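Peer 1: got a structure for you, letters missing:
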C-alpha cells in the first residue's frame, strides 16, 4: 500500500542514514530514500517496494 | 473532568514521546505514534523525520544530541481540542546545551482508554 511504504521506508532510510560512515555511505542512502519517495508520487508502488528492498538490504549490510 | 484529568495525562505523554529524540528509540517512537494517531497524523510525523527533510532531528542531531521535553501548561479548549505548551532541549553526552525552545502543540484528539490524536500543529514561541 502506498502509505505503508512511506512510513516503512522513512524509518528504514533513517536507520541507514544514522549507521553510515563516510560520505559515500551517506550518498547512497540519501538517493535510495529520495528515489523511494519520487517513485511513490509517480504511483510506482510495485517499483518503490523494490527500491525499499534495496534500502532494506543496505541496512542488513550496515549491521 | 474525571475524564478530562485523564485526557490530560494521555495528552502529556503524547507530546513527550512525539517531540522527544532518542536515536536508540525511534522504532518504538514510530510504533507509539502509529498506535496513537490517525494516518495523516502518523504520516506527517514520518514526512518530518525522513532524511529528505533538512529540519529533521535525524539530520541535525544524528547520534550526538538527545532532545528532552518539559510540559509547561495545557490549554483545554474543548473535549476534542487542547493546546500543550512545552520546552525543548538539545544536549550532547557532555551536557553542552545547543537547542532550547518554547513550543505550542495545538492538538485535536478523541478519548473514551483508546486515545487517538486526530490533528497536530506546532508553533514556535
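Peer 2: That came through fine. Residues are numbered from 1 along each chain as shown, chains lettered A, B, ... in the order given.
Peer 1: list the helices and strands the biggest helix by length in chain B packs on?
Peer 2: In chain B, taking DSSP state H as the definition, the longest helix is helix B:4-19. Contacts defined by 3 or more Cβ pairs under 8 Å, 6 or more residues apart in numbering or on different chains; DSSP states H and E place helix B:4-19 against helix B:26-36, strand B:70-76, strand B:81-87, strand B:102-111, strand B:115-124. C-beta coordinates here come from the backbone N, C-alpha and C atoms, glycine included.
Peer 1: tally of neighbours for the nearest residue to residue B:4 once chain neighbours are set aside?
Peer 2: The spatially closest residue to residue B:4, leaving aside those adjacent along the chain, is residue B:76, at 6.3 Å (Cβ to Cβ, 6 or more residues apart in numbering or on different chains). By other Cβ atoms under 10 Å in any protein chain shown, 14 other residues sit near residue B:76.
Peer 1: same question for residue B:28.
Peer 2: So residue B:28, with other Cβ under 10 Å, has 11 neighbours.
Peer 1: okay, it and residue B:22: tell me how far apart.
Peer 2: 9 Å (Cβ to Cβ, to the nearest Å).
Peer 1: check which helix or strand covers residue B:47.
Peer 2: helix B:39-49 (DSSP states H and E).
Peer 1: cool, and residue B:66?
Peer 2: Applying DSSP H and E, one finds residue B:66 within strand B:65-67.
Peer 1: does chain A sit close to that strand?
Peer 2: No. Strand B:65-67 is not in contact with chain A by Cβ under 8 Å from any Cβ of the partner chain; minimum separation 12.4 Å.
Peer 1: that strand packs against which elements?
Peer 2: Partner elements for strand B:65-67 (3+ Cβ pairs under 8 Å, 6+ apart): strand B:90-92, strand B:97-99.
Peer 1: could you point out the helix or strand that follows the helix holding residue B:47?
Peer 2: Heading C-terminal from helix B:39-49 (DSSP H and E), you reach helix B:57-61.
Peer 1: which ones are touching residue B:7?
Peer 2: Counting by Cβ atoms under 8 Å, 6 or more residues apart in numbering or on different chains, residue B:7 touches B:79, B:82, B:109, B:111, B:115.
Peer 1: quick check: angle from the longest helix of chain B to helix B:39-49?
Peer 2: Interaxial angle of helix B:4-19 relative to helix B:39-49 (axes from the mean of the first three to the mean of the last three Cα atoms, to 10 degrees): 30 degrees.
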